[PDB]
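Notes to accompany the following structure.
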Amino acid sequence: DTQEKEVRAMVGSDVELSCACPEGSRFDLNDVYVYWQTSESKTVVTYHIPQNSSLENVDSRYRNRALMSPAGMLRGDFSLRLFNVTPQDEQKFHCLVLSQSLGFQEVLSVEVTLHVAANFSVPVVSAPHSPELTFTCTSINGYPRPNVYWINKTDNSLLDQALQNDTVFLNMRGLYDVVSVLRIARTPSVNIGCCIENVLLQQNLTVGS
Amino acid sequence: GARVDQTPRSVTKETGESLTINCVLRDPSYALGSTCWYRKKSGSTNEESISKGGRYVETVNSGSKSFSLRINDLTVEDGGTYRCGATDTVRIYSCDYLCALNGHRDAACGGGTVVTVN
Amino acid sequence: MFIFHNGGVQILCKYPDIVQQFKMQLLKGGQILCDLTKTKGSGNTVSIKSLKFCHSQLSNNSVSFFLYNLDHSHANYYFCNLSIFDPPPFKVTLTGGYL
Ligand SMILES: *[C@@H]1O[C@H](CO)[C@@H](O[C@@H]2O[C@H](CO)[C@@H](O[C@@H]3O[C@H](CO[C@H]4O[C@H](CO)[C@@H](O)[C@H](O)[C@@H]4O)[C@@H](O)[C@H](O[C@H]4O[C@H](CO)[C@@H](O)[C@H](O)[C@@H]4O)[C@@H]3O)[C@H](O)[C@H]2NC(C)=O)[C@H](O)[C@H]1NC(C)=O
Ligand SMILES: *[C@@H]1O[C@H](CO)[C@@H](O[C@@H]2O[C@H](CO)[C@@H](O[C@@H]3O[C@H](CO[C@H]4O[C@H](CO)[C@@H](O)[C@H](O)[C@@H]4O)[C@@H](O)[C@H](O[C@H]4O[C@H](CO)[C@@H](O)[C@H](O)[C@@H]4O)[C@@H]3O)[C@H](O)[C@H]2NC(C)=O)[C@H](O)[C@H]1NC(C)=O
Ligand SMILES: *[C@@H]1O[C@H](CO)[C@@H](O)[C@H](O)[C@H]1NC(C)=O
Ligand SMILES: *[C@@H]1O[C@H](CO)[C@@H](O)[C@H](O)[C@H]1NC(C)=O
Ligand SMILES: *[C@@H]1O[C@H](CO)[C@@H](O)[C@H](O)[C@H]1NC(C)=O
Ligand SMILES: *[C@@H]1O[C@H](CO)[C@@H](O)[C@H](O)[C@H]1NC(C)=O
Ligand SMILES: *[C@@H]1O[C@H](CO)[C@@H](O)[C@H](O)[C@H]1NC(C)=O
Ligand SMILES: *[C@@H]1O[C@H](CO)[C@@H](O)[C@H](O)[C@H]1NC(C)=O
């Protein structure tokens, strides 16, 4: 009885994924086993075992960021509270609820896809030249992969993508950096600029030469 | 999401003879961005980056979208466990932080290979 | 993964010694031949419930069942449903054999 849910969130922002039983009625914490884990990676986000309170098998990533509220558990609301979301937290999170009284049959299973996003730095341009000239546009720390576009600022038209070499880097924080070089022919009065696009965020950053 | 599987899971080899460890970046990953190879020594339970080239020879097929490492002239203490880290058509600054990214849609280290040389 | 003695067959199914609460089911022909379920209780007690008991001897790294019914005719694959409840993550693994 999986309920496909979608939760979009931002990095460093505390988000709440929900695993809700329709009944406002109560549950038995000494009977039920609760598991929050990723669908593919199967990494332990958090869990509830009847007779112990010390999550030692919680994964290093989620060691202290995944919290289930117990009073809400008894009320039937197994909702996870995720803190300080990181780019590696975009996963299909699976909440699974087994009742020992029914021979470990599943009473609740909900798959909550989590999308996360981040904002790139404002692009930085320069004008170094060679034989024709070259431009360098650098923007960093955004999620997911950025779309970079170059604009003929004089008339606000879009230059062809074959004029640019892009190399996106993985920041050690999971965020992305990008360096884009554009080689065009020499001309006076060539107002152009750079553009960083986060399609998930719907936000475009432009900077003139 | 995207991850990387590596073979073999466990191998025992003879001293001096080369050993090969493969790795593939499973679909629907587009292409290999950069490859890293890590090994950890028996006791300290911490990994270290294997410097490519020389004794450790790497072969990469972008068409096959898979990479392989070869060890020559195996000292008896070349044993341990070996991971390989790949990335989905993007590049990384340092290998030091590749395995530190789990479930990232653009980075995954291998399952590991256990090696004992006699 | 199993042996034949005493006009019967001992089918042993292994599991990681880490798991401390689990449910081991033996399946052949799609049918549940044997069953065992281990649980850790309060006050450091262990509960074992078995809806179909096959003289299961519970080694700490594997569970073995004994079928004194041979069923040598129509020899099928033998699967071992393994559900891991403790410790997380919860996973179900099927390992199979022949004869
Ligand atoms: C190895 O052992 C594990 C032990 O857990 C098995 O996994 C179990 O498999 C059974 C059967 O597939 C699962 O039981 C099913 O649970 C479903 C949950 O959905 C509802 O369940 C409750 C009860 O009413 C509702 O309150 C709740 O809101 C959910 O909406 C049920 O829907 C299933 O019933 C339906 O299917 C059965 C067939 O099984 C039909 O006969 C019924 O008429 C009905 O249509 C069923 O109860 C159980 O949840 C699983 N447990 C776990 C932990 O995953 C493995 O299956 C076994 N090995 C293999 C190979 O299967
Ligand atoms: C972004 O896009 C804009 C257009 O939207 C481009 O700007 C135009 O670029 C063209 C081509 O480089 C320019 O055409 C050239 O104009 C020069 C003089 O400009 C003035 O000329 C007329 C009067 O003669 C004025 O009305 C006009 O407003 C301009 O102020 C000429 O000297 C050039 O001559 C060269 O070409 C001709 C024909 O090819 C040859 O006969 C000559 O020998 C010489 O080789 C040429 O005609 C146009 O003027 C530009 N206009 C503006 C407003 O910029 C940008 O170049 C483009 N930028 C990028 C980065 O893509
Ligand atoms: C969240 O974690 C990051 C590093 O993971 C840290 O820089 C930051 O201070 C933490 N807290 C907040 C509120 O961002
Ligand atoms: C409680 O008991 C054991 C030993 O501490 C451990 O394996 C188990 O995961 C613990 N769980 C919780 C939720 O404290
Ligand atoms: C530009 O990028 C391409 C790949 O798109 C690469 O082959 C090439 O080495 C880069 N540099 C130049 C100068 O083309
Ligand atoms: C961002 O810029 C690109 C390139 O011009 C454009 O195709 C896209 O629609 C823009 N989106 C927004 C929200 O500005
Ligand atoms: C991120 O980029 C936006 C829009 O592209 C811009 O206004 C600002 O620099 C940042 N702030 C947001 C999240 O509003
Ligand atoms: C439990 O099994 C392990 C192997 O996983 C073994 O080393 C140990 O002796 C066993 N302990 C018992 C049976 O108490």
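Each chain in the structure tokens gets a letter, A, B and so on, in the order shown; residues start at 1 in every chain, and ligands are counted from 1 in the order they appear.
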Could you list, as a list in words, all residues that come within 6 Å of ligand 4? Count only C-alpha atoms and all ligand atoms.
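Written in the requested form, the residues are residues 48, 49, 52, 53, 54, 55, 56 and 57 of chain A; 87 of chain C.
Within chain B, DSSP run on the backbone puts these residues in helix (DSSP H, G or I): residues 76, 77, 78, 95, 96 and 97 of chain B.
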Find the residues around residue 36 of chain B up to 10 Å (only C-alpha atoms counted), leave out those fewer than 4 positions away in its own chain, and share them as a ChimeraX atom specification.
/B:49-52,58,67,83-87,92,94-96,98-99,109
If you count only C-alpha atoms and all ligand atoms, which residues end up within 12 Å of ligand 7, as a compact mmCIF listing (two decimals) with N, CA, C and O atoms, in the first residue's frame?
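selection-v4.txt, written as the output of this step:
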```
# COMPACT_ATOMS: atom_id res chain seq x y z
N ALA A 9 12.79 20.28 -1.29
CA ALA A 9 13.40 21.00 -0.17
C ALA A 9 14.72 21.61 -0.62
O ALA A 9 15.21 21.34 -1.71
N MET A 10 15.30 22.41 0.27
CA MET A 10 16.57 23.08 0.01
C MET A 10 17.64 22.62 0.98
O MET A 10 17.35 22.15 2.08
N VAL A 11 18.90 22.76 0.58
CA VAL A 11 19.98 22.32 1.46
C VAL A 11 19.99 23.17 2.72
O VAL A 11 19.51 24.31 2.72
N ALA A 117 17.53 21.07 -3.66
CA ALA A 117 18.04 22.05 -4.60
C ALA A 117 18.92 23.07 -3.88
O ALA A 117 18.81 23.25 -2.66
N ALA A 118 19.80 23.71 -4.65
CA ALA A 118 20.68 24.77 -4.16
C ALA A 118 21.03 25.77 -5.26
O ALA A 118 21.00 25.47 -6.46
N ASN A 119 21.46 26.94 -4.80
CA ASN A 119 21.53 28.15 -5.61
C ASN A 119 22.98 28.38 -5.95
O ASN A 119 23.79 28.55 -5.02
N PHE A 120 23.31 28.57 -7.23
CA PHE A 120 24.71 28.82 -7.52
C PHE A 120 25.12 30.26 -7.23
O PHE A 120 24.31 31.18 -7.24
N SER A 121 26.42 30.43 -6.99
CA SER A 121 27.00 31.76 -6.84
C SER A 121 26.80 32.57 -8.11
O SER A 121 26.61 32.03 -9.20
N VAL A 122 26.86 33.88 -7.97
CA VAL A 122 26.74 34.74 -9.15
C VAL A 122 27.91 34.48 -10.09
O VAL A 122 29.06 34.34 -9.62
N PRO A 123 27.67 34.40 -11.38
CA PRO A 123 28.77 34.11 -12.31
C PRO A 123 29.79 35.23 -12.35
O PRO A 123 29.48 36.41 -12.19
N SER A 139 30.79 29.74 -11.58
CA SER A 139 29.74 29.78 -10.59
C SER A 139 29.85 28.50 -9.79
O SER A 139 30.20 27.47 -10.36
N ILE A 140 29.57 28.57 -8.48
CA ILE A 140 29.82 27.43 -7.59
C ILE A 140 28.68 27.23 -6.59
O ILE A 140 27.91 28.14 -6.29
N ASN A 141 28.59 25.99 -6.07
CA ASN A 141 27.80 25.59 -4.89
C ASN A 141 26.30 25.60 -5.11
O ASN A 141 25.54 26.23 -4.37
N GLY A 142 25.87 24.78 -6.05
CA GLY A 142 24.47 24.72 -6.40
C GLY A 142 24.08 23.29 -6.70
O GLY A 142 24.94 22.42 -6.85
N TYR A 143 22.78 23.06 -6.76
CA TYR A 143 22.26 21.71 -6.96
C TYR A 143 20.92 21.82 -7.69
O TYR A 143 20.11 22.70 -7.37
N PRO A 146 23.95 22.56 -13.21
CA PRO A 146 23.51 23.82 -13.81
C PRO A 146 23.54 23.79 -15.33
O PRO A 146 24.28 23.04 -15.97
N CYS A 195 25.19 33.15 -18.01
CA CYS A 195 23.90 32.81 -17.40
C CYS A 195 23.96 31.43 -16.77
O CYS A 195 24.32 30.47 -17.45
N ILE A 196 23.58 31.33 -15.50
CA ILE A 196 23.55 30.07 -14.77
C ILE A 196 22.10 29.71 -14.50
O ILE A 196 21.34 30.53 -13.97
N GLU A 197 21.70 28.50 -14.86
CA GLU A 197 20.30 28.13 -14.75
C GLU A 197 20.16 26.94 -13.82
O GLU A 197 20.81 25.91 -14.02
N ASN A 198 19.30 27.06 -12.84
CA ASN A 198 18.92 25.93 -12.03
C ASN A 198 17.48 25.57 -12.38
O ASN A 198 16.54 26.25 -11.97
N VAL A 199 17.31 24.53 -13.20
CA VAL A 199 15.99 24.24 -13.74
C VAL A 199 15.05 23.84 -12.62
O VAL A 199 13.89 24.25 -12.59
N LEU A 200 15.57 23.07 -11.65
CA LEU A 200 14.77 22.70 -10.49
C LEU A 200 14.36 23.92 -9.68
O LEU A 200 13.25 23.97 -9.15
N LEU A 201 15.22 24.93 -9.60
CA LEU A 201 14.88 26.07 -8.78
C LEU A 201 14.11 27.14 -9.55
O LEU A 201 13.51 28.03 -8.94
N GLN A 202 14.15 27.08 -10.89
CA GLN A 202 13.54 28.04 -11.81
C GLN A 202 14.15 29.42 -11.75
O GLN A 202 13.45 30.41 -12.00
N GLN A 203 15.44 29.52 -11.43
CA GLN A 203 16.06 30.81 -11.19
C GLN A 203 17.35 30.93 -12.00
O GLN A 203 18.21 30.04 -11.97
N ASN A 204 17.44 32.05 -12.73
CA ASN A 204 18.50 32.38 -13.67
C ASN A 204 19.36 33.53 -13.14
O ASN A 204 18.84 34.59 -12.77
N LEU A 205 20.67 33.33 -13.15
CA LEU A 205 21.64 34.33 -12.73
C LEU A 205 22.46 34.77 -13.94
O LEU A 205 23.18 33.96 -14.53
N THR A 206 22.36 36.05 -14.30
CA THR A 206 23.10 36.64 -15.41
C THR A 206 24.06 37.72 -14.92
O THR A 206 23.75 38.48 -13.99
N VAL A 207 25.24 37.77 -15.56
CA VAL A 207 26.29 38.74 -15.26
C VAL A 207 26.95 39.19 -16.56
O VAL A 207 27.46 38.35 -17.31
```
Given 12 Å and only C-alpha atoms and all ligand atoms, residues near ligand 1 as a PyMOL selection string
(chain A and resi 1-3+19-23+32-35+95-100+102-110) or (chain C and resi 22-32+34-37+78-85+89-96)
Shell of 10 Å around ligand 3 (only C-alpha atoms and all ligand atoms), written as a PDB file with N, CA and C atoms, in the first residue's frame:
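Final output, pocket_28.pdb:
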```pdb
ATOM      1  N   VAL A  11      18.903  22.761   0.584  1.00  0.00           N
ATOM      2  CA  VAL A  11      19.978  22.315   1.458  1.00  0.00           C
ATOM      3  C   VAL A  11      19.986  23.174   2.719  1.00  0.00           C
ATOM      4  N   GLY A  12      20.484  22.595   3.821  1.00  0.00           N
ATOM      5  CA  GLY A  12      20.613  23.269   5.110  1.00  0.00           C
ATOM      6  C   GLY A  12      19.305  23.668   5.762  1.00  0.00           C
ATOM      7  N   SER A  13      18.214  23.302   5.108  1.00  0.00           N
ATOM      8  CA  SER A  13      16.875  23.600   5.570  1.00  0.00           C
ATOM      9  C   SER A  13      16.275  22.322   6.130  1.00  0.00           C
ATOM     10  N   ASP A  14      15.739  22.409   7.338  1.00  0.00           N
ATOM     11  CA  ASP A  14      15.129  21.249   7.962  1.00  0.00           C
ATOM     12  C   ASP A  14      13.798  20.958   7.268  1.00  0.00           C
ATOM     13  N   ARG A  61      25.733   9.236   8.110  1.00  0.00           N
ATOM     14  CA  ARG A  61      25.123  10.424   7.536  1.00  0.00           C
ATOM     15  C   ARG A  61      23.956  10.921   8.384  1.00  0.00           C
ATOM     16  N   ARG A  65      20.313  13.414  12.550  1.00  0.00           N
ATOM     17  CA  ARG A  65      19.488  14.321  11.766  1.00  0.00           C
ATOM     18  C   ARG A  65      18.081  13.805  11.520  1.00  0.00           C
ATOM     19  N   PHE A  83      17.050  17.035   9.292  1.00  0.00           N
ATOM     20  CA  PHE A  83      17.683  18.316   9.569  1.00  0.00           C
ATOM     21  C   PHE A  83      18.910  18.499   8.690  1.00  0.00           C
ATOM     22  N   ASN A  84      19.171  19.753   8.311  1.00  0.00           N
ATOM     23  CA  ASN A  84      20.398  20.090   7.606  1.00  0.00           C
ATOM     24  C   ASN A  84      20.550  19.220   6.361  1.00  0.00           C
ATOM     25  N   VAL A  85      19.567  19.352   5.472  1.00  0.00           N
ATOM     26  CA  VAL A  85      19.522  18.519   4.281  1.00  0.00           C
ATOM     27  C   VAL A  85      20.750  18.775   3.418  1.00  0.00           C
ATOM     28  N   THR A  86      21.332  17.701   2.885  1.00  0.00           N
ATOM     29  CA  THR A  86      22.519  17.740   2.041  1.00  0.00           C
ATOM     30  C   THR A  86      22.221  17.164   0.663  1.00  0.00           C
ATOM     31  N   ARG A 173      31.269  19.101  -0.945  1.00  0.00           N
ATOM     32  CA  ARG A 173      30.041  19.126  -0.175  1.00  0.00           C
ATOM     33  C   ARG A 173      28.870  18.562  -0.952  1.00  0.00           C
TER      34      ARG A 173
END
```
Please, which residues have at least one atom within 8 Å of an atom of ligand 5, using only C-alpha atoms and all ligand atoms, listed as a PyMOL selection string?
chain A and resi 164-166
Those selected residues, please, written with N, CA, C and O atoms and delivered as a PDB file, in the first residue's frame.
```pdb
ATOM      1  N   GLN A 164      31.187  27.004 -26.610  1.00  0.00           N
ATOM      2  CA  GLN A 164      31.512  26.966 -25.194  1.00  0.00           C
ATOM      3  C   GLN A 164      31.925  25.572 -24.762  1.00  0.00           C
ATOM      4  O   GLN A 164      31.368  24.574 -25.225  1.00  0.00           O
ATOM      5  N   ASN A 165      32.893  25.528 -23.850  1.00  0.00           N
ATOM      6  CA  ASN A 165      33.390  24.306 -23.233  1.00  0.00           C
ATOM      7  C   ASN A 165      33.073  24.363 -21.748  1.00  0.00           C
ATOM      8  O   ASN A 165      33.507  25.287 -21.054  1.00  0.00           O
ATOM      9  N   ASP A 166      32.313  23.383 -21.269  1.00  0.00           N
ATOM     10  CA  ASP A 166      31.830  23.336 -19.897  1.00  0.00           C
ATOM     11  C   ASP A 166      32.437  22.157 -19.168  1.00  0.00           C
ATOM     12  O   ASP A 166      32.538  21.056 -19.715  1.00  0.00           O
TER      13      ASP A 166
END
```
Find the residues near segment 116-118 of chain B: any atom within 6 Å, counting only C-alpha atoms, skip ones fewer than 5 places away on the same chain, and give them as a ChimeraX atom specification.
/B:12-14,76,79
With N, CA, C and O atoms retained, export the selected residues as an mmCIF file, in the first residue's frame.
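Contents of result-v9.cif, freshly written:
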```cif
data_model
loop_
_atom_site.group_PDB
_atom_site.id
_atom_site.type_symbol
_atom_site.label_atom_id
_atom_site.label_comp_id
_atom_site.auth_asym_id
_atom_site.auth_seq_id
_atom_site.Cartn_x
_atom_site.Cartn_y
_atom_site.Cartn_z
ATOM 1 N N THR B 12 42.457 -14.655 -4.064
ATOM 2 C CA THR B 12 43.788 -15.021 -3.584
ATOM 3 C C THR B 12 44.689 -15.308 -4.780
ATOM 4 O O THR B 12 44.327 -16.100 -5.660
ATOM 5 N N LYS B 13 45.861 -14.673 -4.805
ATOM 6 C CA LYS B 13 46.781 -14.761 -5.931
ATOM 7 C C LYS B 13 48.172 -15.156 -5.447
ATOM 8 O O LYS B 13 48.459 -15.204 -4.247
ATOM 9 N N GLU B 14 49.035 -15.443 -6.416
ATOM 10 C CA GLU B 14 50.408 -15.859 -6.172
ATOM 11 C C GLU B 14 51.358 -14.676 -6.262
ATOM 12 O O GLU B 14 51.172 -13.761 -7.068
ATOM 13 N N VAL B 76 53.901 -9.470 -0.783
ATOM 14 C CA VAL B 76 52.964 -10.211 0.044
ATOM 15 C C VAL B 76 52.068 -9.271 0.841
ATOM 16 O O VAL B 76 50.933 -9.626 1.177
ATOM 17 N N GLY B 79 48.226 -7.040 0.110
ATOM 18 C CA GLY B 79 46.875 -7.439 0.439
ATOM 19 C C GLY B 79 46.152 -6.409 1.283
ATOM 20 O O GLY B 79 46.740 -5.497 1.859
#
```
Which residues of chain A come within 7 Å of chain C, and what is each one's closest atom pair and distance in Å (one decimal), counting only C-alpha atoms, sorted by chain and residue number, as a Markdown table?
```
| residue | atom | partner | partner_atom | distance |
| --- | --- | --- | --- | --- |
| A:35 | CA | C:90 | CA | 6.9 |
| A:37 | CA | C:89 | CA | 6.7 |
| A:42 | CA | C:89 | CA | 6.2 |
| A:43 | CA | C:89 | CA | 6.7 |
| A:44 | CA | C:89 | CA | 5.5 |
| A:51 | CA | C:42 | CA | 5.7 |
| A:57 | CA | C:88 | CA | 6.4 |
```
Okay, now the selection with C-alpha atoms, as an mmCIF file, in the first residue's frame?
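Writing the result to out-v1.cif gives the following:
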```cif
data_model
loop_
_atom_site.group_PDB
_atom_site.id
_atom_site.type_symbol
_atom_site.label_atom_id
_atom_site.label_comp_id
_atom_site.auth_asym_id
_atom_site.auth_seq_id
_atom_site.Cartn_x
_atom_site.Cartn_y
_atom_site.Cartn_z
ATOM 1 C CA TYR A 35 12.123 1.422 9.686
ATOM 2 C CA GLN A 37 15.595 3.669 5.160
ATOM 3 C CA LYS A 42 18.972 0.755 2.132
ATOM 4 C CA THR A 43 20.952 3.068 4.399
ATOM 5 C CA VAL A 44 19.529 3.298 7.902
ATOM 6 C CA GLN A 51 12.732 -2.646 23.678
ATOM 7 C CA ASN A 57 22.711 1.078 13.638
#
```
Residues of chain A within 6 Å of chain B, counting only C-alpha atoms, what are they? List them as a list in words.
residues 88, 168, 169, 170 and 172 of chain A
Atomic separation - atom CA of residue 157 of chain A relative to atom 10 (C, counted along the ligand's line) of ligand 6, Å
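Taking atom 10 (C, counted along the ligand's line) of ligand 6 and atom CA of residue 157 of chain A, their separation equals 12.5 Å.
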So that I can see what lies close to residue 69 of chain B, please list as a list in words the residues with an atom at most 10 Å from it, counting only C-alpha atoms and leaving out residues fewer than 5 positions away in the same chain.
residues 18, 19, 20, 21, 22, 23, 37, 52, 53, 56, 57, 58, 59, 60 and 84 of chain B
Write out as a PyMOL selection string which residues come within 10 Å of residue 63 of chain B when counting only C-alpha atoms, dropping same-chain ones fewer than 2 positions away.
chain B and resi 31-32+60-61+65-66
Residues near residue 64 of chain C, cut-off 8 Å, only C-alpha atoms, skip fewer than 3 positions along chain, as a JSON list (two decimals) with N, CA, C and O atoms, in the first residue's frame:
```json
[["chain", "number", "residue", "atom", "x", "y", "z"],
["C", 10, "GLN", "N", 18.30, -32.77, 6.33],
["C", 10, "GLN", "CA", 18.55, -31.59, 7.14],
["C", 10, "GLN", "C", 18.92, -30.45, 6.21],
["C", 10, "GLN", "O", 19.96, -30.48, 5.56],
["C", 11, "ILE", "N", 18.07, -29.43, 6.15],
["C", 11, "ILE", "CA", 18.32, -28.25, 5.34],
["C", 11, "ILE", "C", 18.74, -27.14, 6.28],
["C", 11, "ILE", "O", 17.95, -26.66, 7.09],
["C", 12, "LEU", "N", 20.00, -26.73, 6.18],
["C", 12, "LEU", "CA", 20.51, -25.63, 6.98],
["C", 12, "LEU", "C", 20.58, -24.39, 6.12],
["C", 12, "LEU", "O", 21.07, -24.44, 4.98],
["C", 13, "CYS", "N", 20.10, -23.27, 6.67],
["C", 13, "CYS", "CA", 20.12, -21.97, 5.99],
["C", 13, "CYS", "C", 20.83, -20.95, 6.85],
["C", 13, "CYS", "O", 20.41, -20.69, 7.98],
["C", 56, "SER", "N", 13.71, -27.55, 14.37],
["C", 56, "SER", "CA", 14.72, -26.55, 14.09],
["C", 56, "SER", "C", 15.70, -26.43, 15.25],
["C", 56, "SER", "O", 15.32, -26.17, 16.39],
["C", 57, "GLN", "N", 16.98, -26.64, 14.94],
["C", 57, "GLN", "CA", 18.07, -26.44, 15.88],
["C", 57, "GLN", "C", 18.69, -25.08, 15.55],
["C", 57, "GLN", "O", 19.20, -24.89, 14.44],
["C", 58, "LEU", "N", 18.61, -24.15, 16.48],
["C", 58, "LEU", "CA", 18.97, -22.76, 16.19],
["C", 58, "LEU", "C", 20.43, -22.49, 16.53],
["C", 58, "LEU", "O", 20.76, -22.03, 17.62],
["C", 59, "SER", "N", 21.32, -22.76, 15.58],
["C", 59, "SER", "CA", 22.68, -22.28, 15.70],
["C", 59, "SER", "C", 22.69, -20.76, 15.59],
["C", 59, "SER", "O", 21.79, -20.16, 15.01]]
```
